[PDB]
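Here's a solo chain for you in structure tokens, the form deposited in one PDB entry.
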């Protein structure tokens, strides 16, 4: 895609903190940028759209290379069009704004580069307010193995780059991404909704889901891919699980793991109020070159340090962190193939972490599975009493996009106090 000039692109500021054991925490002047899928795309020499609703203009876009040459991504009115605001330390992402549904933004080091976080033998910490984030919605904070420049160095047809939010990829190898590898994804374009479609290519990469949640359920999930970095796929390589990527991931959702009273409204972690979420990425030898061996989770709310809940599933050791062994155990228990281990398990997740990953923050609804996988029974054809089926208490009928968008359009999530650095250094304790 080209870089448009009709609307100035001004990235909201979202300060973060980098922390070290000896030095404490220091501010970084990071920013956020809207993902390229949500943007206006128009002819480079004017105002005519290249994409409207759920279709491309085939005159401007007869093939992916010609489309990318002819079409430009432009600047965004963050609050007015997308319902995205920042105080400079707290990011509010509103659900419906006019005809726009949801958003995804990336954390930037500067106006042309995503922040590349290297979190081996490090931790990541943030505050979240899900008070107004219900069943069917997902306020997600996560890592993708994207390039810091959004792909510009690799793909001559991408002249827009990180400044315009290009180069997404994730463990689901999505085929709804409009620009991949510098080409518009227009081949065999198929409508999937009023504003969305899919093309013949998907875009794959390893993903660490630090946080997928609403006030009914939360999950943290590594998803390794056998490939390294952002990879365009065709055919069954795009196929979830069986292709390049573990689409399912090794998840730790307290409720799915057999503890139905840890996290939710009025629970130990009270989702009706803000709280702090710490995620630590331990290596087997406590070094940054070591092998990712454990992902630990600690919560803080009202100054109380809250350790993660323990698993309570027959056949699964009663642990409260993600490990290779916990993954093998919960996949057998749940009847899920260990696509995670097949792709290289925590070791492979860890090398993606070591190579550097981009932070995404988002609010969305789920046209495919209605968020049931997060907060209800899934699959919708399995017995809810079976281990792993039930992931929350949302109704099996909730989360249909058309219902949530009219009933709770002013839902939002707030992400704030973003910190990363040495293990134990982004937060403190005392007696």
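Residue numbers count along the first chain shown, from 1.
One more form of this protein, deposited with a small molecule bound, exists but is not displayed; see below.
Of the listed positions (176, 183, 209, 324), a single one reaches within 4.5 angstroms of the small molecule by any non-hydrogen atom in the deposited complex, namely 209. A heavy atom within 4.5 Å of the small molecule in the deposited complex is found for one listed residue only; from 168, 95, 114, 220, this is 168.
For the marked spot (247, 366 and 378), a heavy atom within 4.5 Å of the small molecule in the deposited complex is present in each of the three residues.
None of 225 to 233, 299 to 307, 140 to 148, 268 to 276 except one has non-hydrogen atoms within 4.5 angstroms of the small molecule in the deposited complex; the exception is 140 to 148. For the chain shown alone, residue 154 is not a contact residue for the small molecule in the deposited complex, no non-hydrogen atom being within 4.5 angstroms. Although the partner is absent here, residue 240 sits close enough that one of its heavy atoms falls within 4.5 Å of the small molecule in the deposited complex. When the small molecule is considered in the deposited complex, residue 81 lies well away from it, no heavy atom lying within 4.5 Å. Among residues of the shown chain, residue 86 is not one whose heavy atoms approach the small molecule to within 4.5 Å in the deposited complex.
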